[PDB]
Amino acid sequence: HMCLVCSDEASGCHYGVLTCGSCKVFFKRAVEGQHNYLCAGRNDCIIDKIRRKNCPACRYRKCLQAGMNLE
Amino acid sequence: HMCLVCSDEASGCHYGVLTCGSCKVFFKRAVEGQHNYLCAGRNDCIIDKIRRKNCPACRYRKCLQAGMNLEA
DNA sequence: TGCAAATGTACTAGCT
DNA sequence: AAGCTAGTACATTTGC
Ligand SMILES: [Zn+2]
Ligand SMILES: [Zn+2]
Ligand SMILES: [Zn+2]
Ligand SMILES: [Zn+2]
């Protein structure tokens with residue numbers, strides 16, 4: 001049902017983790033190239049369906065916390 | 001020289017405040033436009049040249065705090 | 001791909 | 001002429 005990164009409607013198990021469609025694309029872009037993202041808050045931004053765009057840094061952090069990788 | 005909102009190179013005194021071009025257009029669009037801006041932290045984000053895209057809600061907040069206004 | 005929103009740039013209109 | 005800003009069109013970015 002739910003994406004482990006942002007809590008949207010998951011579309012499948014992507015990169016080892018149940019994740020929504022946009023978190024799937026986001027993580028792919030993040031690992032592939034630069035992910036030198038800078039958080040504007042305190043590195044604990046709320047990553048939900050609407051706010052997940054706000055902070056790539058915290059979102060890529062949750063992606064790693066959830067265990068996403070290339071296997 | 002310095003935009004008092006994002007610290008990008010200022011473009012002039014826009015709407016009462018020395019600001020860059022991107023903050024000028026952003027402020028007018030924020031006032032006159034419909035937006036679903038929601039902060040993901042604590043309504044207290046850092047706004048600089050990079051992080052200004054991160055949180056428009058705090059950016060709009062910093063705009064008003066700097067004294068920006070569509071009048072004179 | 002395809003479409004729309006958000007953002008930023010560069011320019012023009014108009015004043016003083 | 002200079003020197004200024006608000007408005008606006010275009011380009012880019014970003015996300016579905
Ligand atoms: Zn997600
Ligand atoms: Zn963050
Ligand atoms: Zn600015
Ligand atoms: Zn914020």
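Chain A is the first sequence line, chain B the second, and so forth, proteins listed ahead of strands; every chain is numbered from 1. Side-chain atoms are counted along with the backbone in the values below, which use heavy atoms only and exclude waters and symmetry mates.
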*Specify the residues of residues 64-72 of chain B, ordered by number, for which at least one heavy atom lies under 4.0 angstrom from an atom of DNA chain D.*
none
_A/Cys20 versus A/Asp8, closest heavy-atom pair with distance_ = CB-CB, 3.8 Å
*asked:* Is it the case that the side chain of A/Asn54 and the backbone of B/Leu38 share a donor-acceptor pair, with hydrogens and angles ignored and the cut-off at 3.5 Å?
replied: yes
*Send over the distance from B/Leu18 CG to D/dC4 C1', rounded to a whole Å.*
13 Å
*Within this structure, what is the NZ-to-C1' distance between A/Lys28 and D/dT14, rounded to whole angstrom?*
18 Å
*Is a side-chain donor-acceptor pair under 3.5 Å present for B/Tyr37 with B/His35?*
yes
*Can you tell me if CD on A/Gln65 sees more than 12 non-hydrogen neighbours from other groups inside 6.0 Å?*
yes
*asked:* Could you check whether any side-chain N or O of A/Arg51 sits under 3.5 Å from a backbone N or O of A/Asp48, counting only pairs where one atom can act as donor and the other as acceptor?
replied: no
*Minimum heavy-atom separation for A/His14 to A/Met68, with atom names?*
O-CE, 3.7 Å
*Where along nucleotides 4-16 of chain C does protein come under 4.0 Å, by heavy atom, of base (B) or sugar-phosphate alone (S), with - for untouched nucleotides?*
--SBBB-------
_Within the 3.5 Å criterion, strictly below it, is a donor on A/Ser22 or A/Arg59 matched to an acceptor on the partner's side chain?_
yes
_Quick check against the 3.5 Å criterion: does B/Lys62 have a side-chain atom that pairs as donor or acceptor with the backbone of B/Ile47?_
yes
